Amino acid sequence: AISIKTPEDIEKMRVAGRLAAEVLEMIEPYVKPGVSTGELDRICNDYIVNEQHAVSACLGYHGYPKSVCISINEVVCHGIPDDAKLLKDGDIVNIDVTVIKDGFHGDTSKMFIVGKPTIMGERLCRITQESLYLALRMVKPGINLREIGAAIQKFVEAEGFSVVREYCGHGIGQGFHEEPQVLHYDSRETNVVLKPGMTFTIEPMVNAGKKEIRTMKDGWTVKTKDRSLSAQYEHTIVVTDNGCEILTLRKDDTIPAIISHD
């Protein structure tokens, strides 16, 4: 059941993708020491609803109570925004946004460094983004997803970090999480050949320490087992005839929006 988007579908995804990217571009100036994650969530929500006239796909999903996911430091993913959680100098934080517009989803995330960065945090964020970019450069019709997961893993590991196994990229479109599962590591279980019109996300979570993770009692928050820092970046893409197009590209991305192979 891997859905192939029509040209019309892709046009709608381009819109939803840009909206999502825009939320991330917009929030930047607000990310400073002393701000709470609860406030960031409110600002995002307002923008999405009142300015963009869109909807957050997260709010209510399986009961998720907020509009975006904000994961600080050792929180891997799904961090829940809260008025009591204040950002400090040196924190690294991921803001993951998924917007729905005209029934199509746009899913993307990036890391932000609060105030003065630490050596580890900067490095970790950089390597994580680079691992995503590497993956994007490989995307093209005919290739097996497995190769992509394997490349990410090799890269990350060579740099002294680890890749989280449990969470993965996913198809996306009218549905939030569609087939297929996009693994960020090498697995003999993976056997999917890419074809034009497929749309999915790549969103590697990398840990400064060991790969092990743990789910909190809240049922959402995921943290590293060894409390090391964790970083993630995400983009939604569409496979094209000779490469791919990045639907959630932002002003700060340093990769071209269209990647062509020849």
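Each residue number is its position in the shown sequence, starting from 1.
For the pair 213-221 and 226-234, the record assigns the higher mean C-alpha temperature factor to 213-221.
The stretch with the higher mean CA B factor, choosing between 19-27 and 241-249, is 241-249. Per the PDB record, 116 has a higher Cα B-factor than any other of 116, 154, 140, 123. Of the candidates 162, 94, 131, 174, the deposited coordinates give 174 the top C-alpha B factor. In the PDB entry, a CA B factor belonging to the highest third of its chain's modelled residues is recorded for residue 46.
Ranked within its chain, residue 77 lands in the middle third, by CA B factor from the PDB record. Residue 104 sits in the middle third of its chain by CA B factor, as recorded in the PDB entry.
For residue 110, the recorded CA B-factor ranks within the lowest third of the chain. Only modelled residues enter the ranking. Among the modelled residues of its chain, residue 71 has a C-alpha B-factor that falls in the lowest third, as given in the PDB entry.
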